[PDB]
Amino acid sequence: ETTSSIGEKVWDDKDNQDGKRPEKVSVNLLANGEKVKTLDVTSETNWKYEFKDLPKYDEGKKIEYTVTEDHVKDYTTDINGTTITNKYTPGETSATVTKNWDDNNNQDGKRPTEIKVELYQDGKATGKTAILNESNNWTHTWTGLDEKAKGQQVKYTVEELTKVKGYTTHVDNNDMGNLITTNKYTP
């Protein structure tokens, strides 16, 4: 019926010795790969957060909840089921990608068991690939990405490599911390 997703953010930055830690981060809640809510997490909340009263099932099926964090400058993000860790990595950062299936559940069970996506840097393929499926809640996070390239901020985006007959593909690349790929079923 109803559940809740509680968690916290932990900073791994040598007790902010460099003084680069921000006053807040924004956590996104995803229901089956779709961003439905956001919350700003701060010290005032003690770096804790919780999404109250949420349905457990979506028309019988069990909704799969996950969380992502909007990109934080100079921090590499590691998400461990609700516990979000930000490691200070000056000049470097991470990127997270989730797959969103828009096909009214698998009605017309034509949904592939897995898909392959690739990370792109300023339009160039990086070679960094990921295979999204149920074993990883259709999510994956890459680390070790440069934030700059000869003084200019590098833009990261993802593209689906798998050709899914029947599905149209659209990608939201507005935040490297919450890159979302949605496949829409259109016979």
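We number the residues from 1 along the sequence you see.
When the two stretches 176-184 and 1-9 are set side by side, the higher mean Cα temperature factor goes to 1-9. Looking at mean Cα B-factors across 144-152 and 25-33, the upper value is held by 144-152.
Looking at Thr157, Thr66, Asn136, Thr162, the one whose CA carries the top B-factor in the deposited record is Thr162.
Note on the listed residues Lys87, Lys99, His71, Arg111: the highest Cα temperature factor in the record is that of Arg111.
In the PDB entry, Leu119 places in the middle third of its chain by CA B-factor. Ranked against the other modelled residues of its chain, the C-alpha B-factor of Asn106 as given in the entry falls in the highest third. Annotation for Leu39: CA B-factor lies in the middle third of the chain's modelled residues.
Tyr49: CA B factor in the lowest third of modelled residues in this chain (values from the PDB entry).
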